[PDB]
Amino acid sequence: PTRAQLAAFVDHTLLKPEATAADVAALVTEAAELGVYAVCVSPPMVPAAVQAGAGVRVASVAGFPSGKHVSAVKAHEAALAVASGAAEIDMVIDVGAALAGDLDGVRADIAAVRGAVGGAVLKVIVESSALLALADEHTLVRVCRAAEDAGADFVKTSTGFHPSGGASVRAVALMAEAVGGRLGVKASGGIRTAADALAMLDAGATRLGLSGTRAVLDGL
């Protein structure tokens, strides 16, 4: 698995609240030098990301990181991001809604954002480490099926901000089996080495969210 090949799986990411336009400009330069698939930035940073290169593939987050926004608000955010040049959107579910068993609500929340972006690649962050710690494997699968039923293109493990943690190979395996190659699976959160990255791919991930991409690639 080559350095260029692993890099083609990667969304090179900066989501810190303190991030400046200059930070986002350096992120895009580093992404181009590394040969990654996209940059992932916070919604108001999309103009800066688009302006920092030619033909930059930009993903933005929506309803992030808490998931605790009403659906209209997540949709509005996603639509402004697409209007500013975002090709993809990584939204967060209402994690508390999943845990209460309101799967209809989770599915409708994702369908609202789906209807607003239209053209864009939509990834749904299920916060798998939170679902697996506070409920069970079954709950994770149900959330994945809601994402599929609502028209999502990816299910995605983690925000990288929840204290329960990030991607596990078990979560990815569970998520990959549930969507069965019909949707992509993005592993994210705490992927810090080459070995972490390869193990997520081996478990079924078809995309990786990384902030320390160079160090991951250097490990090869």
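For every residue, the number given is its place in the sequence shown, counted from 1.
Peer 1: Quick check on the record: does 172 to 180 or 65 to 73 carry the larger mean Cα temperature factor?
Peer 2: The stretch with the larger average C-alpha B-factor is 172 to 180.
Peer 1: Comparing 188 to 196 with 155 to 163, which stretch shows the greater average C-alpha B-factor in the deposited entry?
Peer 2: Comparing averages over the C-alpha atoms only gives 188 to 196.
Peer 1: Among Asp23, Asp11, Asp202, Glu18, where is the Cα B factor highest in this entry?
Peer 2: Max CA B-factor in the entry, restricted to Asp23, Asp11, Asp202, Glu18: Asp202.
Peer 1: Quick one: which of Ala133, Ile93, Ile89, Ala111 has the biggest Cα B-factor according to the entry?
Peer 2: That would be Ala133.
Peer 1: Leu27's Cα B-factor: lowest, middle or highest third of the chain?
Peer 2: It falls in the middle third of the chain.
Peer 1: Pull the Cα B-factor of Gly35 out of the PDB entry and bin it into the chain's lowest, middle or highest third.
Peer 2: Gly35: CA B-factor falls in the highest third of its chain.
Peer 1: How does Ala52 rank on Cα B-factor within its chain, lowest, middle or highest third?
Peer 2: It belongs to the highest third of the chain when residues are ordered by C-alpha B-factor.
Peer 1: Classify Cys144 as lowest, middle or highest third according to the C-alpha B-factor given in the PDB entry, relative to its own chain.
Peer 2: Middle third by C-alpha B-factor.
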